[PDB]
Structure formats: structure tokens, C-alpha cells
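Data file: query18.pdb. Format and content: PDB, C-alpha atoms.
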```pdb
ATOM      1  CA  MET Z   1      55.515  65.404  95.863
ATOM      2  CA  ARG Z   2      52.277  67.254  95.122
ATOM      3  CA  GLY Z   3      52.823  70.019  92.579
ATOM      4  CA  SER Z   4      56.405  70.358  93.796
ATOM      5  CA  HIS Z   5      57.864  69.986  90.293
ATOM      6  CA  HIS Z   6      58.469  73.297  88.513
ATOM      7  CA  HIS Z   7      61.621  74.681  86.881
ATOM      8  CA  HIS Z   8      62.120  78.276  85.720
ATOM      9  CA  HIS Z   9      64.942  80.511  84.460
ATOM     10  CA  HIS Z  10      65.731  84.206  84.973
ATOM     11  CA  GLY Z  11      66.057  86.965  82.380
ATOM     12  CA  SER Z  12      69.269  87.983  80.618
ATOM     13  CA  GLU Z  13      67.863  91.388  79.626
ATOM     14  CA  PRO Z  14      67.481  93.458  82.837
ATOM     15  CA  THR Z  15      66.130  96.976  82.334
ATOM     16  CA  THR Z  16      67.483 100.086  84.061
ATOM     17  CA  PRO Z  17      66.338 100.106  87.730
ATOM     18  CA  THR Z  18      66.124 103.178  89.960
ATOM     19  CA  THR Z  19      67.135 101.428  93.201
ATOM     20  CA  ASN Z  20      70.819 100.721  92.548
ATOM     21  CA  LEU Z  21      72.501  99.151  95.575
ATOM     22  CA  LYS Z  22      74.991 101.853  96.475
ATOM     23  CA  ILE Z  23      78.457 100.950  97.777
ATOM     24  CA  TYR Z  24      79.471  99.564 101.171
ATOM     25  CA  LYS Z  25      82.772 100.262 102.912
ATOM     26  CA  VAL Z  26      85.052  97.311 103.501
ATOM     27  CA  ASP Z  27      86.679  98.743 106.569
ATOM     28  CA  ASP Z  28      87.427  95.373 108.120
ATOM     29  CA  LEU Z  29      86.655  91.807 107.140
ATOM     30  CA  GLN Z  30      87.893  88.628 108.783
ATOM     31  CA  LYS Z  31      87.545  84.920 108.374
ATOM     32  CA  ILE Z  32      84.578  84.782 110.703
ATOM     33  CA  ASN Z  33      82.583  81.672 111.624
ATOM     34  CA  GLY Z  34      84.249  79.847 108.763
ATOM     35  CA  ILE Z  35      82.962  82.588 106.485
ATOM     36  CA  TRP Z  36      84.567  85.881 105.521
ATOM     37  CA  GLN Z  37      82.875  88.696 107.454
ATOM     38  CA  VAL Z  38      82.663  92.355 106.585
ATOM     39  CA  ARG Z  39      82.701  95.635 108.499
ATOM     40  CA  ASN Z  40      82.525  99.317 107.531
ATOM     41  CA  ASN Z  41      83.148 102.389 109.529
ATOM     42  CA  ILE Z  42      79.575 103.488 108.739
ATOM     43  CA  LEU Z  43      77.751 100.432 109.908
ATOM     44  CA  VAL Z  44      80.730  99.029 111.760
ATOM     45  CA  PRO Z  45      83.024 101.634 113.255
ATOM     46  CA  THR Z  46      84.429  98.608 115.008
ATOM     47  CA  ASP Z  47      83.419  95.409 116.845
ATOM     48  CA  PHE Z  48      81.118  93.629 114.426
ATOM     49  CA  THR Z  49      79.856  90.651 116.340
ATOM     50  CA  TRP Z  50      81.697  88.073 114.302
ATOM     51  CA  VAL Z  51      79.054  85.745 115.723
ATOM     52  CA  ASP Z  52      76.280  87.042 113.606
ATOM     53  CA  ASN Z  53      76.616  90.785 113.404
ATOM     54  CA  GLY Z  54      79.447  90.395 111.116
ATOM     55  CA  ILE Z  55      78.550  90.236 107.495
ATOM     56  CA  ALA Z  56      79.391  86.943 105.879
ATOM     57  CA  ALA Z  57      81.001  88.616 102.931
ATOM     58  CA  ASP Z  58      80.229  85.506 100.881
ATOM     59  CA  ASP Z  59      76.599  86.545 101.111
ATOM     60  CA  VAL Z  60      77.416  89.904  99.565
ATOM     61  CA  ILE Z  61      79.128  91.052  96.443
ATOM     62  CA  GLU Z  62      82.049  93.435  96.321
ATOM     63  CA  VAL Z  63      81.474  96.309  93.950
ATOM     64  CA  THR Z  64      84.123  98.661  92.553
ATOM     65  CA  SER Z  65      84.183 102.393  93.388
ATOM     66  CA  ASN Z  66      81.927 102.895  90.371
ATOM     67  CA  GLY Z  67      79.553 100.404  91.944
ATOM     68  CA  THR Z  68      80.547  97.547  89.683
ATOM     69  CA  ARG Z  69      78.982  94.361  91.061
ATOM     70  CA  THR Z  70      81.200  91.292  91.465
ATOM     71  CA  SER Z  71      84.354  92.632  89.821
ATOM     72  CA  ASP Z  72      86.883  90.203  91.298
ATOM     73  CA  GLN Z  73      84.328  87.661  92.573
ATOM     74  CA  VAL Z  74      86.462  87.203  95.683
ATOM     75  CA  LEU Z  75      85.572  89.669  98.442
ATOM     76  CA  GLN Z  76      88.405  91.493 100.156
ATOM     77  CA  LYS Z  77      88.402  94.134 102.887
ATOM     78  CA  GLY Z  78      89.834  97.572 102.419
ATOM     79  CA  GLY Z  79      87.427  98.954  99.903
ATOM     80  CA  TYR Z  80      83.735  98.730  99.170
ATOM     81  CA  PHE Z  81      81.081  96.118  98.494
ATOM     82  CA  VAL Z  82      77.498  95.597  97.698
ATOM     83  CA  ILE Z  83      75.224  93.175  99.448
ATOM     84  CA  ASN Z  84      73.615  91.066  96.812
ATOM     85  CA  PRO Z  85      69.856  91.724  97.391
ATOM     86  CA  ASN Z  86      69.115  88.612  95.501
ATOM     87  CA  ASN Z  87      71.267  86.704  97.919
ATOM     88  CA  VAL Z  88      69.191  88.487 100.415
ATOM     89  CA  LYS Z  89      66.249  86.994 102.020
ATOM     90  CA  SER Z  90      65.295  90.167 103.784
ATOM     91  CA  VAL Z  91      66.237  92.930 106.210
ATOM     92  CA  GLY Z  92      65.376  92.048 109.783
ATOM     93  CA  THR Z  93      64.699  93.831 113.003
ATOM     94  CA  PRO Z  94      67.371  96.067 114.453
ATOM     95  CA  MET Z  95      69.146  95.803 117.790
ATOM     96  CA  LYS Z  96      71.390  98.192 119.717
ATOM     97  CA  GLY Z  97      74.685  96.611 120.726
ATOM     98  CA  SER Z  98      77.616  96.945 118.337
ATOM     99  CA  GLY Z  99      78.761 100.153 120.028
ATOM    100  CA  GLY Z 100      75.402 101.734 120.812
ATOM    101  CA  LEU Z 101      73.671 102.235 117.480
ATOM    102  CA  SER Z 102      71.167 100.089 115.707
ATOM    103  CA  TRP Z 103      72.366  96.879 114.137
ATOM    104  CA  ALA Z 104      69.780  94.850 112.285
ATOM    105  CA  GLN Z 105      69.495  91.225 111.476
ATOM    106  CA  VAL Z 106      69.441  90.873 107.726
ATOM    107  CA  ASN Z 107      68.689  87.475 106.280
ATOM    108  CA  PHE Z 108      71.275  86.636 103.711
ATOM    109  CA  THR Z 109      71.840  83.673 101.454
ATOM    110  CA  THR Z 110      74.810  81.861 103.021
ATOM    111  CA  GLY Z 111      75.206  83.402 106.429
ATOM    112  CA  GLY Z 112      71.467  83.401 106.871
ATOM    113  CA  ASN Z 113      71.507  85.865 109.687
ATOM    114  CA  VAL Z 114      73.817  88.800 109.070
ATOM    115  CA  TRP Z 115      73.711  91.922 111.137
ATOM    116  CA  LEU Z 116      74.504  95.413 110.083
ATOM    117  CA  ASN Z 117      74.234  98.747 111.723
ATOM    118  CA  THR Z 118      70.822  99.308 110.586
ATOM    119  CA  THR Z 119      70.892 102.971 111.452
ATOM    120  CA  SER Z 120      69.720 103.276 107.813
ATOM    121  CA  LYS Z 121      67.524 100.950 105.788
ATOM    122  CA  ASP Z 122      69.084 102.171 102.612
ATOM    123  CA  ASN Z 123      72.211 101.175 104.519
ATOM    124  CA  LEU Z 124      72.161  97.568 103.518
ATOM    125  CA  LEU Z 125      70.372  98.223 100.304
ATOM    126  CA  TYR Z 126      72.341 101.358  99.524
ATOM    127  CA  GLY Z 127      74.909 101.646 102.274
ATOM    128  CA  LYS Z 128      73.477 104.702 103.926
TER     129      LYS Z 128
END
```
Representation of the structure as C-alpha cells:
Amino acid sequence: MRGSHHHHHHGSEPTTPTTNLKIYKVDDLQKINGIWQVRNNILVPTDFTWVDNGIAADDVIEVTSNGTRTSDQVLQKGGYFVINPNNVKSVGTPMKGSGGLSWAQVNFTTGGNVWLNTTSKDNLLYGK
């Protein structure tokens, strides 16, 4: 209503950043909560709370071994991926449960809440 009208477009000429979102490991992804969910042996040795600790793959973007973002467009487990940071709202507070480590609530685009073994901040961002 009040000053709520404002349209803007992005840029088609992105420079060379220094914080490239390193690869993830698609160790196991299932149709979870009506949304494809992802797991990696690093952040998900096993037992990714499909509930919310599982990554709604839709929220992320599968990259190729070289780190190529959105190569196929359709996520698939058994490889690697990259969580679209732009689809990312933020990286939330961690919680110990999926095994014993630290799994943090990251706020993604579609799945909203998406947990990941947060035993590394560069984990989500980079996959550490």
C-alpha cells in the first residue's frame, strides 16, 4: 500500500568472487516431505531427519565435479551439489542429533528450514 511498489532487476555481468560455494556430496537423497531431500556422508553420514534435517534438494543446486552450478537443473543423489546461497535465507543455529554431531537449521528458499551437519560453516556455503 504505502511505498510498497518497487520493481528491480539483477545484473547479467557478475564479477569473479572469492567465496565460491564448493561442492556438496549427494550421498543420499529421497523424496522427503513432498520435496527431494539431500544427504552427504560429510554432513549426513546417515539418518538425515527427513522432517527438516534433510535438505530439500529443490532449495539447492546440483553442481558438477568442477563445481558447475545447475548443470542438469534436476537434482539427483549420487554425486555432488551446491546449495544456492541466493535461495538461501540464512544459516541457522546448530543442534546435535543426527548421529551426535552438529546439525544446523539453514533457512532455504523452498524448504524454509533445512538442516545440515553444521560441523562447519563453510559446510553449507562450501561443503566443509
For the structure shown, which residues end up in the PyMOL selection byres ((chain Z and resi 43) around 9)? Put them as a PyMOL selection string, please? chain Z and resi 24-25+39-42+44-46+48+101-103+116-120+123-124+127-128
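Ranking Z:15, Z:53, Z:71, Z:64 by their shortest atom-to-atom distance to residue 107 of chain Z, with all atoms listed in the file included, puts Z:53 first.
Rounded to one decimal, atom CA of residue 21 of chain Z and atom CA of residue 36 of chain Z lie 20.5 Å from each other.
Considering the residues Z:77, Z:62, Z:121, Z:69 and counting only C-alpha atoms, residue 91 of chain Z has its shortest atom-to-atom contact with Z:121.
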Can you tell me which residues surround residue 49 of chain Z at a distance of at most 12 Å, considering only C-alpha atoms, apart from same-chain residues fewer than 2 positions away, and format the answer as a PDB file with C-alpha atoms, in the coordinates of the input?
```pdb
ATOM      1  CA  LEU Z  29      86.655  91.807 107.140  1.00  0.00           C
ATOM      2  CA  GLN Z  30      87.893  88.628 108.783  1.00  0.00           C
ATOM      3  CA  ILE Z  32      84.578  84.782 110.703  1.00  0.00           C
ATOM      4  CA  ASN Z  33      82.583  81.672 111.624  1.00  0.00           C
ATOM      5  CA  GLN Z  37      82.875  88.696 107.454  1.00  0.00           C
ATOM      6  CA  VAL Z  38      82.663  92.355 106.585  1.00  0.00           C
ATOM      7  CA  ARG Z  39      82.701  95.635 108.499  1.00  0.00           C
ATOM      8  CA  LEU Z  43      77.751 100.432 109.908  1.00  0.00           C
ATOM      9  CA  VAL Z  44      80.730  99.029 111.760  1.00  0.00           C
ATOM     10  CA  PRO Z  45      83.024 101.634 113.255  1.00  0.00           C
ATOM     11  CA  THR Z  46      84.429  98.608 115.008  1.00  0.00           C
ATOM     12  CA  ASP Z  47      83.419  95.409 116.845  1.00  0.00           C
ATOM     13  CA  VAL Z  51      79.054  85.745 115.723  1.00  0.00           C
ATOM     14  CA  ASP Z  52      76.280  87.042 113.606  1.00  0.00           C
ATOM     15  CA  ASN Z  53      76.616  90.785 113.404  1.00  0.00           C
ATOM     16  CA  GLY Z  54      79.447  90.395 111.116  1.00  0.00           C
ATOM     17  CA  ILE Z  55      78.550  90.236 107.495  1.00  0.00           C
ATOM     18  CA  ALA Z  56      79.391  86.943 105.879  1.00  0.00           C
ATOM     19  CA  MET Z  95      69.146  95.803 117.790  1.00  0.00           C
ATOM     20  CA  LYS Z  96      71.390  98.192 119.717  1.00  0.00           C
ATOM     21  CA  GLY Z  97      74.685  96.611 120.726  1.00  0.00           C
ATOM     22  CA  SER Z  98      77.616  96.945 118.337  1.00  0.00           C
ATOM     23  CA  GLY Z  99      78.761 100.153 120.028  1.00  0.00           C
ATOM     24  CA  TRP Z 103      72.366  96.879 114.137  1.00  0.00           C
ATOM     25  CA  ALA Z 104      69.780  94.850 112.285  1.00  0.00           C
ATOM     26  CA  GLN Z 105      69.495  91.225 111.476  1.00  0.00           C
ATOM     27  CA  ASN Z 113      71.507  85.865 109.687  1.00  0.00           C
ATOM     28  CA  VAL Z 114      73.817  88.800 109.070  1.00  0.00           C
ATOM     29  CA  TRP Z 115      73.711  91.922 111.137  1.00  0.00           C
ATOM     30  CA  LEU Z 116      74.504  95.413 110.083  1.00  0.00           C
ATOM     31  CA  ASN Z 117      74.234  98.747 111.723  1.00  0.00           C
TER      32      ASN Z 117
END
```
Residues around (74.1, 85.7, 105.1), cut-off 8 Å, counting only C-alpha atoms - what are they as JSON, numbers by chain? {"Z": [55, 56, 57, 58, 59, 60, 87, 88, 106, 107, 108, 109, 110, 111, 112, 113, 114]}
Residue completion, segment 50-80 of chain Z, N, CA and C atoms, as an mmCIF file, in the coordinates of the input:
```cif
data_model
loop_
_atom_site.group_PDB
_atom_site.id
_atom_site.type_symbol
_atom_site.label_atom_id
_atom_site.label_comp_id
_atom_site.auth_asym_id
_atom_site.auth_seq_id
_atom_site.Cartn_x
_atom_site.Cartn_y
_atom_site.Cartn_z
ATOM 1 N N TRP Z 50 81.309 89.129 115.221
ATOM 2 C CA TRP Z 50 81.697 88.073 114.302
ATOM 3 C C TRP Z 50 80.679 86.934 114.335
ATOM 4 N N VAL Z 51 80.042 86.789 115.490
ATOM 5 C CA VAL Z 51 79.054 85.745 115.723
ATOM 6 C C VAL Z 51 77.984 85.748 114.669
ATOM 7 N N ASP Z 52 77.367 86.887 114.543
ATOM 8 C CA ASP Z 52 76.280 87.042 113.606
ATOM 9 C C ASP Z 52 76.105 88.465 113.126
ATOM 10 N N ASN Z 53 76.750 89.395 113.789
ATOM 11 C CA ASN Z 53 76.616 90.785 113.404
ATOM 12 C C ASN Z 53 77.598 91.127 112.333
ATOM 13 N N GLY Z 54 78.528 90.242 112.145
ATOM 14 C CA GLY Z 54 79.447 90.395 111.116
ATOM 15 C C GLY Z 54 78.829 89.919 109.840
ATOM 16 N N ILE Z 55 79.120 90.602 108.775
ATOM 17 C CA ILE Z 55 78.550 90.236 107.495
ATOM 18 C C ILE Z 55 79.339 89.130 106.826
ATOM 19 N N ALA Z 56 78.705 87.998 106.575
ATOM 20 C CA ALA Z 56 79.391 86.943 105.879
ATOM 21 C C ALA Z 56 79.579 87.370 104.448
ATOM 22 N N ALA Z 57 80.682 88.063 104.227
ATOM 23 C CA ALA Z 57 81.001 88.616 102.931
ATOM 24 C C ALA Z 57 80.558 87.738 101.760
ATOM 25 N N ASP Z 58 80.629 86.431 101.935
ATOM 26 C CA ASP Z 58 80.229 85.506 100.881
ATOM 27 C C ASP Z 58 78.809 85.806 100.420
ATOM 28 N N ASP Z 59 77.978 86.206 101.369
ATOM 29 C CA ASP Z 59 76.599 86.545 101.111
ATOM 30 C C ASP Z 59 76.478 87.788 100.239
ATOM 31 N N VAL Z 60 77.457 88.686 100.329
ATOM 32 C CA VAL Z 60 77.416 89.904 99.565
ATOM 33 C C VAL Z 60 78.280 89.838 98.329
ATOM 34 N N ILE Z 61 78.386 90.968 97.655
ATOM 35 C CA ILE Z 61 79.128 91.052 96.443
ATOM 36 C C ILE Z 61 79.867 92.369 96.326
ATOM 37 N N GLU Z 62 81.177 92.278 96.385
ATOM 38 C CA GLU Z 62 82.049 93.435 96.321
ATOM 39 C C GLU Z 62 81.944 94.184 95.006
ATOM 40 N N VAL Z 63 81.584 95.456 95.110
ATOM 41 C CA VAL Z 63 81.474 96.309 93.950
ATOM 42 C C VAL Z 63 82.660 97.267 93.895
ATOM 43 N N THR Z 64 83.014 97.722 92.695
ATOM 44 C CA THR Z 64 84.123 98.661 92.553
ATOM 45 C C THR Z 64 83.612 100.069 92.802
ATOM 46 N N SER Z 65 84.529 100.997 93.092
ATOM 47 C CA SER Z 65 84.183 102.393 93.388
ATOM 48 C C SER Z 65 83.035 102.909 92.522
ATOM 49 N N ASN Z 66 82.981 102.469 91.273
ATOM 50 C CA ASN Z 66 81.927 102.895 90.371
ATOM 51 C C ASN Z 66 80.619 102.165 90.673
ATOM 52 N N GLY Z 67 80.704 101.192 91.565
ATOM 53 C CA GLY Z 67 79.553 100.404 91.944
ATOM 54 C C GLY Z 67 79.424 99.161 91.100
ATOM 55 N N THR Z 68 80.541 98.724 90.528
ATOM 56 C CA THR Z 68 80.547 97.547 89.683
ATOM 57 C C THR Z 68 80.374 96.286 90.526
ATOM 58 N N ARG Z 69 79.273 95.577 90.304
ATOM 59 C CA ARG Z 69 78.982 94.361 91.061
ATOM 60 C C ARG Z 69 79.874 93.193 90.655
ATOM 61 N N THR Z 70 80.343 92.460 91.665
ATOM 62 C CA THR Z 70 81.200 91.292 91.465
ATOM 63 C C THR Z 70 82.258 91.538 90.395
ATOM 64 N N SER Z 71 83.268 92.325 90.743
ATOM 65 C CA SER Z 71 84.354 92.632 89.821
ATOM 66 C C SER Z 71 85.431 91.555 89.882
ATOM 67 N N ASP Z 72 85.854 91.220 91.097
ATOM 68 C CA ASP Z 72 86.883 90.203 91.298
ATOM 69 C C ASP Z 72 86.257 88.848 91.615
ATOM 70 N N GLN Z 73 85.055 88.879 92.198
ATOM 71 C CA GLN Z 73 84.328 87.661 92.573
ATOM 72 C C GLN Z 73 84.734 87.186 93.964
ATOM 73 N N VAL Z 74 85.936 87.562 94.371
ATOM 74 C CA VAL Z 74 86.462 87.203 95.683
ATOM 75 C C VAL Z 74 86.528 88.435 96.578
ATOM 76 N N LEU Z 75 85.614 88.523 97.539
ATOM 77 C CA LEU Z 75 85.572 89.669 98.442
ATOM 78 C C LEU Z 75 86.887 89.855 99.179
ATOM 79 N N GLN Z 76 87.197 91.113 99.444
ATOM 80 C CA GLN Z 76 88.405 91.493 100.156
ATOM 81 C C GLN Z 76 88.187 92.832 100.847
ATOM 82 N N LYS Z 77 88.567 92.907 102.111
ATOM 83 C CA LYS Z 77 88.402 94.134 102.887
ATOM 84 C C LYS Z 77 89.403 95.210 102.525
ATOM 85 N N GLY Z 78 88.983 96.453 102.714
ATOM 86 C CA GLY Z 78 89.834 97.572 102.419
ATOM 87 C C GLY Z 78 89.288 98.384 101.285
ATOM 88 N N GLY Z 79 87.999 98.210 100.996
ATOM 89 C CA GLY Z 79 87.427 98.954 99.903
ATOM 90 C C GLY Z 79 85.950 99.237 100.038
ATOM 91 N N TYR Z 80 85.174 98.569 99.201
ATOM 92 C CA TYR Z 80 83.735 98.730 99.170
ATOM 93 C C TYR Z 80 83.082 97.450 98.682
#
```
